Amino acid sequence: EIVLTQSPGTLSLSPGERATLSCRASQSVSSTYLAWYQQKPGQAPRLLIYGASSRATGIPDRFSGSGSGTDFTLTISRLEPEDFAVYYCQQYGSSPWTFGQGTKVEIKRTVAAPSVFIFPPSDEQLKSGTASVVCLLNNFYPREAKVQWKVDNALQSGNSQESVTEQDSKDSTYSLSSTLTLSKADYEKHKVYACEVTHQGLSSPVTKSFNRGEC
Amino acid sequence: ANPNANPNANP
Amino acid sequence: XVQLXXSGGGXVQXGXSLXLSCXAXXXXXXXXXXXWXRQXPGXXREXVXXXXXXXXXXXXXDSXXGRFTXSXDXXXXXXXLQXXXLXXXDXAXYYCXXXXXXXXXXXXXXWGXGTXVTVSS
Amino acid sequence: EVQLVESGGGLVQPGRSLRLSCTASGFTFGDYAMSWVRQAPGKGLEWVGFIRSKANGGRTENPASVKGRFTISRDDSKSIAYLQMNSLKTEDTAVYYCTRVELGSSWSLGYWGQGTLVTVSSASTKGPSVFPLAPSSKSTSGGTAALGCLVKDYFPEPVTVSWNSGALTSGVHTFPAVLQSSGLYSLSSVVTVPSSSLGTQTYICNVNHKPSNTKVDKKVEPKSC
């Protein structure tokens, strides 16, 4: 199959700025057979550009496409607030038809380091045989952050799960939860539970920790 | 385009 | 061993311009975001700007948005902070740091020793 | 105005069958090829097949991922395209979009339906447990304390969470649910509040899981650590 690789993964821009999105095909694709789609948050995709350079019905002039062979480009000359969305390229000249992995055009803001909070398991949950420890990263930007769980200084892996909010409509930040889940028996074998957080806005890692039985 | 990729023509 | 060296600081009048540079040794920087921080005497260290890999852009603190531009020369293993419209409140030691995490989480393992920027007169 | 409306989605066990319908309006449906595209939760777009117009033989093409399990058909007299999904797998969980294939030499997907959600799961209905995320010095930053509720091990989606019957809204973060290896979902809802308010205000998360008729008003009390 023809693999479509889009770059960058996330384009962080302000309204009024120019957006340039790239789609690279794993082999030559006739420009006739390349399209671009826009997917706004919570909506279905819609066609923007077909045949590499032709605008779809009702698509504004600020959207343009170009390229041939393996390199294709989508340009938004002056971003409008509604243009912040995920964009997918697609080839339909070879079977199977394939889509790029998507490029997110995200509204840019200044860097905000997360506030970090940790929550010990509740006595109610422990009685039922499980221990979930929750680490909260609040109102940060950009989206990239790292949560490392350390249990008596041992780095944990394979026993936590992360969830990230959508970018906030008011302040353009993200929030993130990381949940470490142990059995009651394993939880009772250890003492210090810590989440260590890094973010490009933090000059050094932030660690929030508690001791089992402290709370 | 190969026939199996073309939806607008009888293969 | 990885080392960073900032230069280009100095005394500048309010409204003036400086360009800081940060040269890395012991490692190629092309895969790594590079960031600028600053700290004034008796104050907390503050984020200033980050230059991610080419194509992944740059991000800025509230205090410097619009006035400073971070840029990078990967082949030269150097990042730059072009500072315009300088204000007395920009007075601080400016430090650069490498983000060792290529996924951009800010694992700032290596730091320079800083260059002094003073905005006065 | 071109409109495509998918229906037939729902919750189904693996191995079962499910037929999606796409009711098309606003164009000469019989002249067009139609195509189905799907989007798994948090993922991109995947083509799952097209069907040609009757004039062009009316046959289908599908990728290997669904070939031999999914069949596309059409009733031009009703202006409906169908996706018959057989031998469903958990990995088929996705929003399924019906699309019109544009005429001519550049057969892009010119119009898309709103999508219908297919969830393939072998989990049974289960109400959530609701656990406090208690505020403490460990969740206090400056004058601000975070607190919350852990809404754990429920099926299916969704749950709703309010705080203090809806009187607490600013700074509430109800996270997208995570699917666990159990097949059950869990989420947390958190909120930041004045540390001083931990003495005057009572914080209660109101959790509703309609499929199990679960209602829980969980008081979140501060800890002393």
Side-chain angles (χ1 to χ4, degrees), chain A residues 1 31-37 39 43-47 49-52 54 56-57 86 88 90 92 95-102 115-125 128 130 132 134 136 138-139 161-166 168 170 175-177 179 181 208-211 214-215, chain D residues 4 35 37 39 43-47 50 61-65 95 97 99 101-102 105-115 129-142 144-148 150 152-153 171 173-180 186-188 190 192 223-225:
Chain A
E1 61 169 41
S31 58
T32 303
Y33 300 133
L34 197 113
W36 289 91
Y37 302 86
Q39 190 172 30
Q43 307 196 44
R46 69 163 171 170
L47 178 65
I49 302 293
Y50 67 96
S54 301
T57 300
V86 177
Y88 295 99
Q90 180 220 6
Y92 41 87
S95 185
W97 296 351
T98 52
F99 292 87
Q101 84 280 1
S115 293
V116 184
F117 313 88
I118 191 170
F119 301 99
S122 73
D123 295 327
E124 188 186 359
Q125 187 189 19
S128 74
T130 306
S132 299
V134 175
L136 165 63
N138 211 33
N139 302 346
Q161 284 184 309
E162 285 188 357
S163 184
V164 185
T165 64
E166 293 296 320
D168 181 80
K170 291 175 176 185
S175 296
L176 180 149
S177 67
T179 300
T181 299
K208 294 296 160 85
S209 69
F210 64 91
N211 293 15
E214 176 188 5
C215 302
Chain D
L4 307 168
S35 184
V37 180
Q39 185 168 36
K43 290 189 170 176
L45 305 171
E46 179 183 19
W47 172 69
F50 66 71
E61 293 290 333
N62 302 93
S65 60
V95 171
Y97 301 107
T99 70
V101 177
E102 292 313 287
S105 287
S106 192
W107 42 83
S108 65
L109 304 183
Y111 292 88
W112 298 58
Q114 87 279 340
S129 303
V130 184
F131 303 119
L133 299 171
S136 76
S137 66
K138 313 306 189 175
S139 74
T140 291
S141 171
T144 296
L147 58 98
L150 168 61
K152 184 170 173 53
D153 291 353
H173 292 304
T174 296
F175 285 88
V178 180
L179 184 59
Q180 299 160 123
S186 294
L187 64 73
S188 280
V190 300
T192 52
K223 295 196 155 176
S224 286
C225 57

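Just so we're on the same page: letters track the sequence lines, and every chain starts at 1.
Residue contact with chain D, scored on non-hydrogen atoms closer than 4.5 Å, involves the side chain of A/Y88 exclusively. Interface remark: A/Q161 contributes side-chain atoms only to the contact with chain D (heavy atom separation under 4.5 Å). Looking at A/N138, the atoms closer than 4.5 Å to chain D (heavy atoms on both sides) all sit in the side chain, from C-beta outward. At a 4.5 Å heavy-atom cutoff, the contact between A/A35 and chain D is made by side-chain atoms alone. Looking at A/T98, there are no atoms closer than 4.5 Å to chain D (heavy atoms on both sides), in backbone or side chain. With a 4.5 Å cut-off on non-hydrogen atoms, A/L136 touches chain D through its side chain but not through its backbone. Contact annotation for A/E166: neither backbone nor side-chain heavy atoms come within less than 4.5 Å of a heavy atom of chain D.
When the candidates D/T174, D/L109, D/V178 are compared by the number of heavy-atom contacts under 4.5 Å with chain A, D/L109 comes out ahead. No other option in D/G44, D/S106, D/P135 has as many heavy-atom pairs under 4.5 Å with chain A as D/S106. Most heavy-atom pairs under 4.5 Å with chain A: of the set D/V101, D/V95, D/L147, D/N62, this distinction falls to D/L147. Highest contact tally toward chain D, considering only A/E214, A/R46, A/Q43, is held by A/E214 [criterion: heavy-atom pairs under 4.5 Å]. Comparing D/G115, D/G113, D/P63, D/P132 by heavy-atom pairs within less than 4.5 Å of chain A, the highest count is held by D/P132. Among A/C215, A/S122, A/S209, the residue making the largest number of heavy-atom pairs under 4.5 Å with chain D is A/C215.
In summary, of the residues considered (D/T99, D/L45, D/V37), a side-chain contact (heavy atoms from CB on, under 4.5 Å) with A/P45 occurs for D/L45 alone.
A tilted orientation is assigned to the rings of D/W47 and A/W97, their planes being inclined by 30° to 60°.
Separating the OG1 atom in A/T179 from the CG atom in D/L133 is a distance of 8.0 Å, to the nearest 0.5 Å.
The nearest pair of heavy atoms linking A/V164 to D/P176 is O-CG, 3.4 Å. When all heavy atoms are compared, the tightest approach of A/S175 to D/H173 is OG-NE2, 3.1 Å.
Considering only heavy atoms from C-beta on, D/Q180 stays 4.5 Å or farther from A/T181 through its side chain.
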Let's go through A/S163 and A/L176 carefully: what are the C-alpha distance in whole Å and the side-chain angles of both, what is the deciding distance for side-chain contact (heavy atoms from CB on, under 4.5 Å) to 0.1 Å, and is it a yes or a no?
CA-CA 6 Å; A/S163 184; A/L176 180 149; over 6 Å; no

